[PDB]
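Novice: If you scroll down you'll find the structure; I have some questions about it.
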Amino acid sequence: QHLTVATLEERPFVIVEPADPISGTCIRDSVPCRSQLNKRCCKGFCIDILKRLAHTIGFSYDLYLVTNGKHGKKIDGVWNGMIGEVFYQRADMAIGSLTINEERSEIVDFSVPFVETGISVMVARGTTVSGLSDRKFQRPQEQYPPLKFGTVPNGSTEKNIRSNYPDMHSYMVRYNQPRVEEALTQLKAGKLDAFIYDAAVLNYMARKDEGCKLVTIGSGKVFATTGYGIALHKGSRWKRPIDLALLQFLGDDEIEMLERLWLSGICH
Ligand SMILES: CN[C@H](CC(=O)O)C(=O)O
């Protein structure tokens, strides 16, 4: 009846803000969230999902922001990030822009996916590349000044590229970005020619770009389609109620409403 939930900031799925200085509380559609290191309030698409699950299923929760890495990476036998919090049973569940992949699915249970995603590439509107099938990407060191392109490492995007396109991955390493905000800054400054990342996030960023100067190209057949899912302990008794609720939200057009509310933009 009381769940500990791990999350991670990734706008607009999870957005972190200070408490209202006037009231010292979380007002509007926000909820209290503390840091794993230990005030702060969280809102966004995934938080609205969490609020609805809590109400529909009938649990209370304690929400915290992960500081031990980000989404989840396995290094030398040990998981960090949201996946690690769930895998090591520090949290009952983790929710945010958490991408379902084979590696993670082996060790945690995932809810049914509630956001469709995958991998896409974002470029400046003028930049002449065809997409991720382009040799500028695929054979990066075959030309005069090489194309500069990178990702934010340590997550499902990098894992997918390393597994499927190890030569391209080795090239991208020097262009790793610390977060999406910095990657976008480098794209606009021409320090990167392309940014390869989660499709749901990139599409949102392109829809919100000032001047509509950034465009995304879907990866097509280069990478598979997947989804965000809620991570739970392997064998969790929470998987079924959560799945049924999510499936219900989908059919009630509640998820579509949340998409309109949180993910809509101006550019097309
Ligand atoms: C939005 N997904 C994150 C970051 C990434 O895909 O690289 C992840 O699940 O790892």
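Ordering of the structure tokens sets the chain letters (A, B, ...), residue numbers begin anew at 1 in every chain, and ligands are numbered from 1 in the order given.
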Would you return as a PyMOL selection string the members of segment 52-219 of chain A that DSSP assigns to strand (DSSP E or B) on this structure's backbone?

Specialist: chain A and resi 60-65+74-75+78-79+93-94+99+108-110+115-117+119-124+149-150+194-198+214-218

Novice: Those residues with N, CA and C atoms, as a JSON list (two decimals), in the first residue's frame please?

Specialist:
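Result file follows (again-v4.json):
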```json
[["chain", "number", "residue", "atom", "x", "y", "z"],
["A", 60, "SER", "N", -0.13, 4.72, -1.71],
["A", 60, "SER", "CA", 0.59, 5.95, -1.45],
["A", 60, "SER", "C", 2.03, 5.70, -1.88],
["A", 61, "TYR", "N", 2.79, 6.77, -2.05],
["A", 61, "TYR", "CA", 4.16, 6.62, -2.51],
["A", 61, "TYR", "C", 5.10, 7.70, -1.99],
["A", 62, "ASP", "N", 6.38, 7.35, -2.03],
["A", 62, "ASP", "CA", 7.48, 8.21, -1.67],
["A", 62, "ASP", "C", 8.34, 8.31, -2.93],
["A", 63, "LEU", "N", 8.41, 9.49, -3.52],
["A", 63, "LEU", "CA", 9.10, 9.67, -4.79],
["A", 63, "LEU", "C", 10.48, 10.28, -4.57],
["A", 64, "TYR", "N", 11.49, 9.69, -5.20],
["A", 64, "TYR", "CA", 12.83, 10.26, -5.11],
["A", 64, "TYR", "C", 13.57, 10.28, -6.42],
["A", 65, "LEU", "N", 14.47, 11.25, -6.53],
["A", 65, "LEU", "CA", 15.27, 11.45, -7.72],
["A", 65, "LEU", "C", 16.59, 10.72, -7.58],
["A", 74, "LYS", "N", 24.94, -1.02, -16.81],
["A", 74, "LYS", "CA", 25.67, -2.09, -16.15],
["A", 74, "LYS", "C", 27.16, -1.98, -16.45],
["A", 75, "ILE", "N", 27.97, -1.84, -15.41],
["A", 75, "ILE", "CA", 29.42, -1.77, -15.57],
["A", 75, "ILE", "C", 30.10, -2.74, -14.61],
["A", 78, "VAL", "N", 27.64, -4.54, -12.19],
["A", 78, "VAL", "CA", 26.80, -3.79, -11.26],
["A", 78, "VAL", "C", 25.96, -2.76, -12.01],
["A", 79, "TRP", "N", 24.67, -2.68, -11.67],
["A", 79, "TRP", "CA", 23.77, -1.72, -12.29],
["A", 79, "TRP", "C", 23.71, -0.43, -11.49],
["A", 93, "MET", "N", 9.47, 0.63, -7.62],
["A", 93, "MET", "CA", 9.31, 0.87, -9.04],
["A", 93, "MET", "C", 10.10, 2.08, -9.47],
["A", 94, "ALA", "N", 10.32, 2.20, -10.77],
["A", 94, "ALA", "CA", 10.98, 3.38, -11.31],
["A", 94, "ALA", "C", 10.17, 3.84, -12.51],
["A", 99, "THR", "N", 13.60, 3.49, -21.07],
["A", 99, "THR", "CA", 13.41, 2.70, -22.27],
["A", 99, "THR", "C", 13.55, 1.20, -22.01],
["A", 108, "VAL", "N", 14.78, -6.90, -14.60],
["A", 108, "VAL", "CA", 13.63, -6.26, -13.96],
["A", 108, "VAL", "C", 12.40, -6.56, -14.79],
["A", 109, "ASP", "N", 11.23, -6.49, -14.18],
["A", 109, "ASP", "CA", 10.00, -6.60, -14.95],
["A", 109, "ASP", "C", 9.64, -5.20, -15.43],
["A", 110, "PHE", "N", 9.05, -5.10, -16.61],
["A", 110, "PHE", "CA", 8.57, -3.82, -17.10],
["A", 110, "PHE", "C", 7.05, -3.89, -17.23],
["A", 115, "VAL", "N", 4.60, 4.76, -23.75],
["A", 115, "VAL", "CA", 5.04, 5.78, -24.70],
["A", 115, "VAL", "C", 5.84, 5.08, -25.76],
["A", 116, "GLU", "N", 5.52, 5.31, -27.03],
["A", 116, "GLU", "CA", 6.29, 4.69, -28.10],
["A", 116, "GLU", "C", 7.53, 5.52, -28.35],
["A", 117, "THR", "N", 8.65, 4.85, -28.51],
["A", 117, "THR", "CA", 9.88, 5.57, -28.75],
["A", 117, "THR", "C", 10.84, 4.72, -29.57],
["A", 119, "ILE", "N", 14.96, 5.38, -31.61],
["A", 119, "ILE", "CA", 16.12, 6.23, -31.77],
["A", 119, "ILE", "C", 15.94, 7.07, -33.02],
["A", 120, "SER", "N", 16.27, 8.35, -32.91],
["A", 120, "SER", "CA", 16.15, 9.28, -34.03],
["A", 120, "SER", "C", 17.39, 10.14, -34.03],
["A", 121, "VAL", "N", 17.55, 10.94, -35.08],
["A", 121, "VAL", "CA", 18.67, 11.85, -35.15],
["A", 121, "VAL", "C", 18.17, 13.25, -35.41],
["A", 122, "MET", "N", 18.72, 14.20, -34.68],
["A", 122, "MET", "CA", 18.34, 15.59, -34.81],
["A", 122, "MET", "C", 19.46, 16.36, -35.47],
["A", 123, "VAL", "N", 19.11, 17.19, -36.44],
["A", 123, "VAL", "CA", 20.09, 17.99, -37.15],
["A", 123, "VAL", "C", 19.52, 19.39, -37.32],
["A", 124, "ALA", "N", 20.38, 20.34, -37.66],
["A", 124, "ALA", "CA", 19.92, 21.68, -38.03],
["A", 124, "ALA", "C", 19.24, 21.60, -39.40],
["A", 149, "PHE", "N", 29.10, 13.87, -34.56],
["A", 149, "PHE", "CA", 27.82, 13.44, -34.02],
["A", 149, "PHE", "C", 27.95, 12.60, -32.77],
["A", 150, "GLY", "N", 27.02, 12.79, -31.86],
["A", 150, "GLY", "CA", 27.16, 12.20, -30.56],
["A", 150, "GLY", "C", 25.81, 11.88, -29.95],
["A", 194, "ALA", "N", 25.15, 16.45, -35.73],
["A", 194, "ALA", "CA", 23.94, 15.68, -35.45],
["A", 194, "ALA", "C", 23.95, 15.15, -34.02],
["A", 195, "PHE", "N", 22.75, 14.94, -33.48],
["A", 195, "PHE", "CA", 22.56, 14.40, -32.14],
["A", 195, "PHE", "C", 21.64, 13.18, -32.22],
["A", 196, "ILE", "N", 22.15, 12.02, -31.80],
["A", 196, "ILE", "CA", 21.37, 10.80, -31.89],
["A", 196, "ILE", "C", 20.86, 10.47, -30.50],
["A", 197, "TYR", "N", 19.55, 10.30, -30.38],
["A", 197, "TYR", "CA", 18.99, 10.09, -29.05],
["A", 197, "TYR", "C", 17.59, 9.49, -29.10],
["A", 198, "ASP", "N", 17.00, 9.34, -27.92],
["A", 198, "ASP", "CA", 15.67, 8.81, -27.76],
["A", 198, "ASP", "C", 14.69, 9.59, -28.64],
["A", 214, "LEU", "N", 15.48, 23.17, -35.77],
["A", 214, "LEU", "CA", 15.95, 21.80, -35.55],
["A", 214, "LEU", "C", 14.93, 20.77, -36.04],
["A", 215, "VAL", "N", 15.41, 19.77, -36.76],
["A", 215, "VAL", "CA", 14.54, 18.73, -37.30],
["A", 215, "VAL", "C", 15.06, 17.36, -36.89],
["A", 216, "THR", "N", 14.15, 16.41, -36.75],
["A", 216, "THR", "CA", 14.56, 15.06, -36.45],
["A", 216, "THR", "C", 14.31, 14.17, -37.66],
["A", 217, "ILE", "N", 15.18, 13.19, -37.83],
["A", 217, "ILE", "CA", 14.97, 12.15, -38.82],
["A", 217, "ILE", "C", 14.85, 10.83, -38.07],
["A", 218, "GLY", "N", 13.75, 10.11, -38.30],
["A", 218, "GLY", "CA", 13.57, 8.80, -37.71],
["A", 218, "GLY", "C", 14.66, 7.89, -38.23]]
```

Novice: Residues within 6 Å of segment 32-48 of chain A, please, as a PyMOL selection string. Count only C-alpha atoms; anything in the same chain fewer than 6 positions from it doesn't count.

Specialist: chain A and resi 12-19+26+63-67+96+262

Novice: Please check which protein, DNA or RNA residues sit within 7 Å of ligand 1, counting only C-alpha atoms and all ligand atoms, and write them as a JSON list (two decimals) with C-alpha atoms, in the first residue's frame.

Specialist:
```
[["chain", "number", "residue", "atom", "x", "y", "z"],
["A", 71, "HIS", "CA", 18.47, 5.60, -16.35],
["A", 72, "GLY", "CA", 20.53, 2.46, -15.94],
["A", 97, "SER", "CA", 11.66, 8.15, -19.71],
["A", 98, "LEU", "CA", 12.92, 4.64, -19.03],
["A", 99, "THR", "CA", 13.41, 2.70, -22.27],
["A", 100, "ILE", "CA", 12.63, -1.02, -22.42],
["A", 152, "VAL", "CA", 24.22, 11.24, -24.24],
["A", 153, "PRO", "CA", 26.04, 8.07, -23.15],
["A", 154, "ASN", "CA", 25.22, 5.36, -20.58],
["A", 155, "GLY", "CA", 21.60, 4.75, -21.57],
["A", 156, "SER", "CA", 19.64, 2.59, -24.00],
["A", 157, "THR", "CA", 20.64, 4.71, -26.99],
["A", 158, "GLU", "CA", 24.37, 4.18, -26.55],
["A", 197, "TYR", "CA", 18.99, 10.09, -29.05],
["A", 198, "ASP", "CA", 15.67, 8.81, -27.76],
["A", 201, "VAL", "CA", 12.49, 13.23, -26.39]]
```

Novice: Within 10 Å of residue 53 of chain A, counting only C-alpha atoms, which residues qualify if same-chain residues fewer than 5 places away don't, as number ranges by chain?

Specialist: A: 47-48, 58-60, 241-246, 249

Novice: Just asking: which residues within segment 95-206 of chain A are alpha helix (DSSP H) according to DSSP, as a PyMOL selection string?

Specialist: chain A and resi 102-105+135-138+156-164+166-172+180-189+199-206

Novice: List every residue of segment 167-266 of chain A that has an atom at most 12 Å from any atom of segment 88-91 of chain A, giving for each one its closest atom pair and the distance in Å to one decimal, counting only C-alpha atoms, sorted by chain and then by ascending residue number, as CSV.

Specialist:
```
residue,atom,partner,partner_atom,distance
A:230,CA,A:91,CA,11.8
A:231,CA,A:91,CA,9.6
A:232,CA,A:91,CA,8.4
A:233,CA,A:89,CA,6.9
A:234,CA,A:89,CA,9.8
A:236,CA,A:89,CA,10.8
```

Novice: Please, could you write that set of residues out with N, CA, C and O atoms as a JSON list (two decimals), in the first residue's frame?

Specialist:
```
[["chain", "number", "residue", "atom", "x", "y", "z"],
["A", 230, "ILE", "N", 7.44, 1.15, -16.99],
["A", 230, "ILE", "CA", 7.73, 1.30, -15.58],
["A", 230, "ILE", "C", 8.51, 0.07, -15.16],
["A", 230, "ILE", "O", 8.08, -1.05, -15.44],
["A", 231, "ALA", "N", 9.66, 0.26, -14.52],
["A", 231, "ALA", "CA", 10.44, -0.88, -14.03],
["A", 231, "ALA", "C", 9.98, -1.32, -12.64],
["A", 231, "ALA", "O", 9.74, -0.49, -11.76],
["A", 232, "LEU", "N", 9.86, -2.63, -12.47],
["A", 232, "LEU", "CA", 9.46, -3.24, -11.21],
["A", 232, "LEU", "C", 10.39, -4.41, -10.89],
["A", 232, "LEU", "O", 11.07, -4.92, -11.78],
["A", 233, "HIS", "N", 10.42, -4.82, -9.63],
["A", 233, "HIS", "CA", 11.20, -5.99, -9.25],
["A", 233, "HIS", "C", 10.79, -7.17, -10.13],
["A", 233, "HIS", "O", 9.61, -7.33, -10.45],
["A", 234, "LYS", "N", 11.76, -7.96, -10.57],
["A", 234, "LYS", "CA", 11.43, -9.20, -11.28],
["A", 234, "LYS", "C", 10.43, -10.02, -10.44],
["A", 234, "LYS", "O", 10.70, -10.32, -9.28],
["A", 236, "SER", "N", 7.38, -8.94, -9.63],
["A", 236, "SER", "CA", 6.62, -8.02, -8.79],
["A", 236, "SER", "C", 5.12, -8.27, -8.84],
["A", 236, "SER", "O", 4.55, -8.46, -9.92]]
```
